[PDB]
Structures are given as C-alpha cells and as structure tokens.
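Asks: Pasting the sequence and an experimental structure:
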Amino acid sequence: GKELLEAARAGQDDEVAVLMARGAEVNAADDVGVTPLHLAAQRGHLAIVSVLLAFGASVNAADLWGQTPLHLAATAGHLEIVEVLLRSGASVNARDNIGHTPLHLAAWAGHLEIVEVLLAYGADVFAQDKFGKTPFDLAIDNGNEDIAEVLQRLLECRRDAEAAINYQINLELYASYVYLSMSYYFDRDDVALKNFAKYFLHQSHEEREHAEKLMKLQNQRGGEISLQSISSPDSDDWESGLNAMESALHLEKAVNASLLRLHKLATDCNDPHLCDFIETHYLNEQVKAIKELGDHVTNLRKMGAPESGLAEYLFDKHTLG
Amino acid sequence: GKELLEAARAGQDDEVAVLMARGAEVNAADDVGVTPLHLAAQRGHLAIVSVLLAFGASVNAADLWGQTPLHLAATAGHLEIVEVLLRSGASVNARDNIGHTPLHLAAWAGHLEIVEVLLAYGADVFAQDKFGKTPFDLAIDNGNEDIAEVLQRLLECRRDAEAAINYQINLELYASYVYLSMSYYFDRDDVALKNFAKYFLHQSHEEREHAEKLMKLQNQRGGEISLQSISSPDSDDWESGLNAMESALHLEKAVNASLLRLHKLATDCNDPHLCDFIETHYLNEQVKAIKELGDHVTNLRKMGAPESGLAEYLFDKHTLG
Amino acid sequence: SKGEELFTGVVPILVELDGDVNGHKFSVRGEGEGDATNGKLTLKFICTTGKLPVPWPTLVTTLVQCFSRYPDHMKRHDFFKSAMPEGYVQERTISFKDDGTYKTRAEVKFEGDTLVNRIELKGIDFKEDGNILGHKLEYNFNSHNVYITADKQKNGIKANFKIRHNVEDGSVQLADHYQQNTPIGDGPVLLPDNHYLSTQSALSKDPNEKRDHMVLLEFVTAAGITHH
C-alpha cells in the first residue's frame, strides 16, 4: 500500500519486484503526490521504472508541484529512462507551474543527448515559460554552449524558410503584374493582335493562383505572411511579339531559379513536407512553361519575325487561336 | 572450331581477334563446358571478353559445374570485367550447385569494390546457399572485415525500417481507439452533444484506414507484420468539448512526430520509395488535421467555453453540423 | 619463400586410386583443376572398372588439402605449402562405426606442373549385406572440419576428423579419420600449431555420360588463430 515507495527510493529493485508480484498499489499517490515512478526517475533506476510501467503505471502523473517523471528524468541526466518514457507515451510538452517543459530543463542542466532525443520526439524550440524565456535563453545564461548552438541552428532554419516563402510570394505577384502589362500592350490599335493579348491575360491570372497557393501554405505552417511593395514592369513598350515572348521566357527562368534555391534551403534544414510541396506543385509547371515558350520563340524566329508582318499575324491566327 | 579457346586461355588477344574475324565458333561448348568467355574471365583479359561479347557470346553460360563468367570474374578480382559483364546482361542472382551467388564469392574473396558494384546492380544481402550461409557469414568466417561492415549496415537498415513500420501501425490503431472512446463520451445523456460524437466517430474510422495502408505497404515490401497489444485510452471522462479537442490536437502532433522520425530513418538508409510514400500519403494530411483542430480550439476558446453553455451548444450546431 | 609460390595460379589435377575391398579391385581416375588462392577445387571422377559395390559418397572423403585457402595471417602455419615441389606423403586410416575399416596410403607431389596423386587402398572387415556399403546411404554431403596438429616426432603433422554420412532413413554413420602427413625432404617445413579447417562440397552428374561418373566442386579453407 505504501511500503513500496521507500524501496523504490533506495533502489531496491528486487524488493519492489517481489512486493509488486504480490498485489500492491502501483499508482500510489503519496504525502506530497510523489508516485514511485517519480522517485524511480529522480534516481537512475531503469529496472524499477520498467517493472513499474509493465505493472500499469501512469507516465503523466501530475505532481503537487506540476512535475512528471519526464521532467525529473530530463533534469537528472539519465538517457535510458528518458527513452523508455518517451516510448511509453510521455508528453514532451507538459508544463510546470513556472511553465517549464522538459526541453527547458534539458537545456538548463546541459544534457546534449537528452536534448537530441527530446527534439526528435516533437519538443518545440521556441516555447516560453511564465517569465518569458525559451530553452535557448536558459542555455545561454548558464554557459551550456552546444545546446545553444544546436538550438540556434533550428531557430535560424525556421526563420530563413519563412523569409524565402515571403520572397516567393512577392516574386509571383510581380510576374503576374508583368504579364498584365504585356497583355494590354497587344490591345493598342497600333498593335492589333488579339490572341497574344488573351494568351498573356491567361498567364497573368495563373500567376496569381500560384501566389495564393504559397500564402495558404504559409498559413498552414504557422508562419507570418508579410506582404510588400510590387515593382512596376521594366517596360511599357514591348517592341513586338517575339521580344515579348523572349521576355516571358527569361522571367519564367528567373522564377524557376528562385524555386530551386528555396528547395535546396528546405533540403538543408530537413523539411520533407516543404520539399514535397515544391516539387509537386511548382517544379513540373516551370519545365512545361519553359518548353512551350521556347517552342513559340523558335517558331516565330523561323517564320521570319519580327521583320515580317504576316508572320506574327499568322502565328496569332494559327498557334494562339 | 576449337583452336580459339587455347588462345583465349594464353591471353592471345590478337590471335583470337584474327581467328574470330574469320568465321569461328563463338559459343563453343568444350570438353567440360568451359566457353572461351569463362576462361577469358578467369584470367584478367578485358580485350578478349570485349571482342567476344561483340561477336555474340552468351553472358549466362551454364557450366557443367554451374558457374557463369560472372562467378569466376567476381571470384578472381578483376573489376573491369565485372562491369562490362553487368552492363551486358549478366544475372547477379545466378546459383552454383552449392547455391553461391556472385556476392557470396565477392565476400569470400575479399573484393570491396566488386561488392559495391554488385550491390548497385541488385544483389541481395540475405541470400543463402544450400548450407545456410549468407554473404555476411562467408565474410566474418574469413577475416574479411569491411565487407562485413558494409553488409551489416544494410541488414540493419532493413531491420530498422521493418520495426518502425510496425510501430507506426500500432500507433495508428491506438489513435483510432482513442477517438472511439472520445466519440462515445459525447453520447451519454449528461453530455448531450451529437455532432461532437459524429465528428470523433469519423476520425476513428479514418485512422483505421491509415493503418491498413501501412499494412499493405509492408506486405508489398516483403516484410513481416507483427501486431501487438493496443493500450486503452488514458481517460474515460473527457471533461468537455474544449478539452477533448485539445487532447485530439496533442495526439495528432505525436503521430506527426513519429512520421517525421520514420522519414528521416528512410532517408538515412537510401530508400526513395518509402520516403515518397510517407510524404505523399501522410505528411499533408497531418498538416491539415493540425490546422483544423487548432482552428476549432481557438473558436471554442473565443466563444467562451468551457465555462459557458450556449458556447458548445452553438459550436456543435453551427460548425460541426 | 618457395613453398608458397608453387600455387600462384590454376593447377590441373590427375588423381589415381587403386583399391582392394573384400575381393573388389577398383581403379579410379579423377580429372579437374584447383586454385589455392580461393581454396577452390573442381573435379570429376570416373571408374573404368564397371559398376562398383561401395556407394560414391564413400569414395568422396578418400580422394589435396594443398589447395585450401590460407590467409596472410596463417602464412606461418601452412605445413602443406613449405614442401613444394618437395611434396609429401600421408597415411590415412578411416574407421566406420558399425562396419570395418580402410587403410590408405597416398603420395602427393608436383609432376612438372600437373598435380598427380597416387593412392593405394586396402579396405576390409565389412559385412557385405550391410548398409554403409550395401547402397542404403543417401547421395548427399555436409559441411565438415579437420583438426591438424603439429607432430615433431615426424616433423610433420597429424590430421584427425569425423565425418557424418546421413542414411536415407535419418540415421547417420560416423567415420573417424586419422592420417599422418610427412614431407619427403629433410628441409625446413613451416610448423602449424593445432587448428581447424572447414570444408564444403557438392556432388552432381553429367547428363550425357554413360559410364559411372561423379562430378564434385568444393571449397576448403582453414582457421584457428584469433589474430589481430
């Protein structure tokens, strides 16, 4: 009923064994709320926590102070207990009264391997306590040096991915604006080409769908969209249909280069979902766009444009309409 | 008719050249079934095997003992012949009478580079001979040290991927059970919320489809499903709709963490199909689930729950139904 | 230096065995090739003396350890090597349980560069309506080991081992083999401490030979020292 806890505290693995074989209280709440699992985690005793878990102990046991065996085990420094608790269902994001999470304590105490296993199981790096500190702060105010480095790397990966997605949103909005300009150039009455105009209006709308997809993505990730100013296109007079097609080709190539840079960034920081998203929705459309626009340019050049009217007229009639 | 074989054996590349230019037997079966290609592979003579392949030799030539030029070439130690034979259609998984495959001999003899090129072309690491040994055994009983290491790494990668897929099956079955408990909590008559109940029953069934997908996957890979015991949910009384939604949120986050660990494992062991499977079927559903459940939690918290009836009533009416 | 060189490449073999077993005279010729670098031997035996009363599995054990794969760490414990082309002789006794015995002398050497092996056999003390000889045992083979021990009395070695031949009805026959290995020359032969030697082999037939044939390929290699 109560005589098991002192044997757990003294490390009497055989005594708690023989006394738990006989019907005994496994989920004992004590004079301050310390279950035998808590005391078996404070001291480093793997056999006791194993034979206690097998007999039906609770890994999440709300101590009178707000602690859990994972808290005390991460604070102590015993890695095997941390592993066997994480595999049994311990919650990596449980709070104290101060608000500390097991990673706060892992960073304060200075346990690198425990920090790694806690980061693998879903502990978040920018979580705060009541007083406003993140594990990186408890790491830098205590001289624990490498905890700080491996947490700074993750903070920086998240910040840089957020920034690159914002820049891609701005780049697609700019491309949409450039295509709108191109389209209303071919609508003048000294440039009377209607299917060039329809072509570039269609591209203008597709490029806005592209940017809204990235906005939705960044809201799904929990990041912050920060919209910016959209530059005006470099020209108002796109001299001909050939020159406009070549400018669209260079623009599509620049967009594709930015996508490749963002993909390499998401690969460095171990982000499978971002890489899958980029290559599923964005890398096969750019290849097809570049192929098609290069086809248009060689067709127009062979037919004899720009020095030939009746080349752009018949291209506009037969290929674009 | 027969005078070419002794010139192949002596390494007379020019003689077999001038004699094969003149109409000669290329697929010669000899007094024990040794074709000029076999003898050209035993000794290291790349020019002879090239001029024999060009003239229509058979790379799979069933010797009277069961050998093939790939067997003798892998046993000897000549890498260039192994490459030019593998590119010409040699079968990496042909057997002797003992049952040895070219990798068995590559591991016995101690040829590291040949072991690598044979592993690139589809030689399997756990294949046995009649006496029951795998290439790792022939490697460890002969002092060949690094063959053993690079084969142990592969054996371990396969074992660990099998184990992680089993653990993911168990985790999704447990999540399905937890949702079933949640759903039949809101069906009591002191908890009269019907659309909370329908919600959590739907999630309960989706999570079983998720686990059957992984079972099918592991049968497609040739692994062994090993089912285990399913723990019971931690609570029978989920105090309110807010608390149940928050518990579902933490559960979905734990499942997502396990998926990320398994993806990193499949990335370390060079397994493109497993990574593609994980990010195609599993990583975009978890993101949407977490987004939706966090939306539900903030809506409920703003409306004034749990300290407000008429908050969960109207949430149940308007959002869940 | 010299004794190890003589096996740099392939070696053709010619094995002659003349035996007398209970009024049964027989000659056996075997043709094939071997390499010591991989401990590999590949042979085909044929009896030009008609049908033979003893099963083929019996003749397998008694038909060139000079070809076993030897590593660079046992370069100092290869007794069979240091004596080439010096050669050597071996006297073997094989003892069947639940039947008689064989006494077999063999002289092994190089002849030119062909390995010719002359063996004389006297097998007696058997019951001629039995199983070990009466073709009741199964046409198969298993993996085996040989224990080689230094013998300063003959400045050579002794080799002892035990073979288990399974019968078509689950039972096994355990033949115990002794042999004394001694070199012909008085030169310095490398002295191996007692260690073991693993051996595997496989038996098969030619599909288009009308005589009595037995094709066999085999891998043989030694060990016993736990070196660095």
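Replies: In hand now; what should we look at? Residues are numbered from 1 along each chain as shown, chains lettered A, B, ... in the order given.
Asks: can you count the residues close to the residue of chain C found nearest chain B?
Replies: Nearest to chain B in chain C, going by Cβ to the nearest Cβ, is residue C:202, at a distance of 4.1 Å. In short, each C-beta sits where N, CA and C put it, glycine included. The tally of other residues near residue C:202 (other Cβ atoms under 10 Å in any protein chain shown) stands at 21.
Asks: List the residues that contact the nearest residue to residue A:155 once chain neighbours are set aside.
Replies: Counting by Cβ to Cβ, 6 or more residues apart in numbering or on different chains, residue A:155 lies nearest to residue A:125, which is 6.0 Å off, once chain neighbours are set aside. Applying Cβ atoms under 8 Å, 6 or more residues apart in numbering or on different chains to residue A:125 gives the contacts A:103, A:119, A:134-136, A:151, A:154-155, A:158.
Asks: ok, now residue A:200?
Replies: By Cβ under 8 Å, 6+ apart, the contact set of residue A:200 is A:179-180, A:182-183, A:186, A:244, A:248.
Asks: how about it, secondary structure?
Replies: helix (DSSP: H, G, I helix; E, B strand; the rest coil).
Asks: measure the nearest residue to it once chain neighbours are set aside to chain B for me?
Replies: Spatial nearest neighbour of residue A:200, excluding adjacent residues (Cβ to Cβ, 6+ apart): residue A:183 at 3.6 Å. To chain B, residue A:183 is 34 Å away according to Cβ to the nearest Cβ, to the nearest Å.
Asks: need the contact list for residue A:183.
Replies: A:196-201, A:203-204.
Asks: Let's see that with 6 Å instead.
Replies: A:197, A:200-201 (Cβ atoms under 6 Å, 6 or more residues apart in numbering or on different chains).
Asks: returning to that earlier point: quick check, nearest of the contacts of residue A:200 to residue B:43?
Replies: Distance from residue B:43 was checked for each of those by Cβ to Cβ. The minimum falls on residue A:248, at 62.5 Å.
Asks: can you map out the helices along chain C?
Replies: Assigned by DSSP state H, chain C shows helices spanning C:56-61, C:79-82.
Asks: Check those for me and report the most buried one.
Replies: Most buried of the helices of chain C, by mean neighbour count (mean count of other Cβ atoms under 10 Å in any protein chain shown): helix C:79-82, with a mean of 23.
Asks: what's in contact with it?
Replies: C:3-4, C:65-66, C:157, C:189-190, C:192.
Asks: swap in stretch C:119-135?
Replies: Under Cβ under 6 Å, 6+ apart, the answer for stretch C:119-135 is C:17-21, C:54-55, C:96, C:99-106, C:173.
Asks: Any quick ChimeraX command for the buried ones out of these?
Replies: To isolate in ChimeraX the members of these that are buried, counting by 16 or more other Cβ atoms under 10 Å in any protein chain shown, one can use:
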select /C:17,19,21,54,55,96,99,100,101,102,104,106,173
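Asks: Against residue A:258, how distant is residue A:200?
Replies: Distance from residue A:200 to residue A:258, counting by Cβ to Cβ, to the nearest Å: 21 Å.
Asks: Shouldn't residue A:167 be within a strand?
Replies: No - Residue A:167 is assigned helix when assessed by three-state DSSP, not a strand.
Asks: Residue A:305 contacts residue A:243, correct?
Replies: No - counting by Cβ atoms under 6 Å, residue A:305 stays clear of residue A:243, with 9.5 Å between them.
Asks: Okay, helices next: where are they in the stretch 201-321 of chain A?
Replies: With DSSP state H, counting those that start in this stretch as the criterion, the stretch 201-321 of chain A has helices at A:241-268, A:272-281, A:283-303, A:312-318.
Asks: Of all residues in the stretch 201-321 of chain A, which one is closest to chain C?
Replies: residue A:270 (40.6 Å).
Asks: and that residue, how many neighbours?
Replies: Number of residues near residue A:270 (other Cβ under 10 Å) recorded here: 14.
Asks: ok, the closest residue to it other than its chain neighbours - how many residues close by?
Replies: In space, and not counting its chain neighbours, residue A:270 is closest to residue B:264: 6.9 Å by Cβ to Cβ, 6+ apart. The burial count assigned to residue B:264 is 13, neighbours taken as other Cβ under 10 Å.
Asks: ditto for residue A:91
Replies: Neighbours of residue A:91 under the rule other Cβ under 10 Å: 19.
Asks: Does residue C:227 touch residue C:74 like I think?
Replies: No - with contact defined as Cβ under 6 Å, residue C:227 does not count as touching residue C:74 (8.0 Å).
Asks: Compare these two and say which is more crowded by neighbours.
Replies: residue C:74 (20 against 10).
Asks: so what's the more buried one up against?
Replies: Listed by Cβ under 6 Å, 6+ apart, residue C:74 has no contact partners.
Asks: From residue C:224, how far off is it?
Replies: For residue C:74, the distance to residue C:224 - Cβ to Cβ - is 8 Å.
Asks: ditto for residue A:74
Replies: 51 Å.
Asks: So which of these two has more stuff around it?
Replies: Under the criterion of other Cβ under 10 Å, the comparison of residue A:74 against residue C:224 puts residue A:74 first, with 33 against 16.
Asks: Mind checking what secondary structure that one has?
Replies: When classified by three-state DSSP, residue A:74 comes out as helix.
Asks: what's the burial count for the residue nearest to it when sequence neighbours are not counted?
Replies: Counting by Cβ to Cβ, 6+ apart, residue A:74 lies nearest to residue A:102, which is 4.3 Å off, once chain neighbours are set aside. Other residues near residue A:102 number 30, with proximity taken as other Cβ under 10 Å.
Asks: now do the one 4 residues further on
Replies: In terms of burial, residue A:106 registers 31 neighbours under the definition other Cβ under 10 Å.
Asks: Doesn't it lie inside a helix?
Replies: Yes - secondary structure of residue A:106 (three-state DSSP): part of a helix.
Asks: looking at it, it is touching residue A:115, isn't it?
Replies: Yes - contact criterion Cβ under 6 Å: residue A:106 and residue A:115 qualify, at 4.8 Å.
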